[PDB]
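For reference, the chain that follows is the form solved without its partner chain, supplied as structure tokens.
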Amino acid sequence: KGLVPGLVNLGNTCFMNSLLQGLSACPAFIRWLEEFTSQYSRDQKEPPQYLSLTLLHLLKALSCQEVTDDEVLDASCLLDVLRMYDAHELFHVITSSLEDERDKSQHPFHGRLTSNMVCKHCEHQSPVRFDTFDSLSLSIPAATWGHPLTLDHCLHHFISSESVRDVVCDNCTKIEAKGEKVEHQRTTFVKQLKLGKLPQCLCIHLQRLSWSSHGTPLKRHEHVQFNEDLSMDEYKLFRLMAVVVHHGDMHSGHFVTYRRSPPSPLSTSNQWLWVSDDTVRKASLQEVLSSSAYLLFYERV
């Protein structure tokens, strides 16, 4: 019975159980947590009041690295430590709080980013900006009958086709201000990106949350094709480890996670699992790939 422990869900902690199950599938994050909490074990072991210690022992039990006799784990201690200081924003909350505790080495999700904005009517380039990312949040383009949506299409749109109209072109504005007759062209800007350092744990986020004209939240259920292997050479090799899937609508939905089985070491298992909080069942790669991914966790091979 090669299964992972489950997680209790009293009613509204799916967004965390789904993320935790996925984070336990990235062995380098867990290894970085161990070497980070080594500082607290210098004197005695510090069994407490620390977020990294609470997260590590959860991920170590979920990845079957620590012997667990309870067939279900309870992660409520992680939520209480967060409150004293959407599964995607929780990911950004956890990574930020771990960085504040470290303020050592950067967590394997940390990447570097170089960005530039170019006007679509005169090709004027904005000043180059330097950024960091812990995840690549991608837009989902428009669908079409007989035209399937792929993750690569989303990655190309994210790199050189992302539109932004929070800015205006200085060249087109000076020109339009002339003694003649000049028509105002629609301000269209594209944000051309180029990734610098690729992190060894890659998180890809598909933006499924939209907003109507009256402020009501909308969900895009369109399927995005992805594979267990993802090459990032065209944007400069990653293996899919887990997938966070959101079912239902924005109001009465539910978070679930597909994840790989824990290794029998360093060799990634081909056995996928379906984890809905406390329920853990075996699954096939065909089921994983047929789902509408919300968060994709990869690892550099």
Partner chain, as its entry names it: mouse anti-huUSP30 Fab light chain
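Numbering follows the first chain given and starts at 1. C-alpha atoms forming the largest set that superposes within 1.5 Å between two forms make up the rigid core. Residues that one form lacks are left out of the comparison.
Just so it is clear, the following notes concern the form solved in complex with its partner chain, a form of the same protein that is not shown.
Stretch 224 to 232 is the answer when you ask which of 126 to 134, 224 to 232, 197 to 205, 72 to 80 has residues with heavy atoms within 4.5 Å of its partner chain in the entry with it bound. Although the partner is absent here, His156 lies within 4.5 Å of its partner chain in the entry with it bound, judged by heavy atoms. Remark: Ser115 does not count among the residues lining its partner chain in the entry with it bound, judged by a heavy atom distance of 4.5 Å or less. By the criterion of a heavy atom within 4.5 Å, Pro217 is excluded from the residues contacting its partner chain in the entry with it bound.
Although the partner is absent from this view, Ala143 contacts its partner chain in the entry with it bound, with a non-hydrogen atom inside 4.5 angstroms. Of the residues in 145 to 168, those that come within 4.5 Å of its partner chain in the entry with it bound through at least one heavy atom are, in sequence order, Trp145, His147, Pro148, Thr150, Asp152, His153, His156, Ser160. Rigid-core fit between the shown form and the other one: of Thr173, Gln225, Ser160, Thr132, the one residue whose Cα shifts 2 angstroms or more is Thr173. Fitting the two forms on the rigid core leaves the C-alpha of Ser96 displaced by under 2 angstroms between the shown form and the other one.
Once both forms are overlaid on the rigid core, the distance between the two CA positions of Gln192 between the shown form and the other one is 2 angstroms or more. After superposing the rigid core, the C-alpha of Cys119 moves by 2 Å or more between the shown form and the other one. Annotation for the pair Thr279/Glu66: C-alpha atoms approach each other in the entry with it bound, by 3 Å or more compared with this form. Shown here is a form in which the CA atoms of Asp70 and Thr279 lie at least 3 Å farther apart than they do in the entry with it bound. Core-superposed comparison between the shown form and the other one places the runs of three or more consecutive residues whose CA atoms all shift by 2 angstroms or more at 39 to 48, 65 to 70, 115 to 129, 143 to 146, 161 to 178, 186 to 192, 250 to 252, listed in sequence order.
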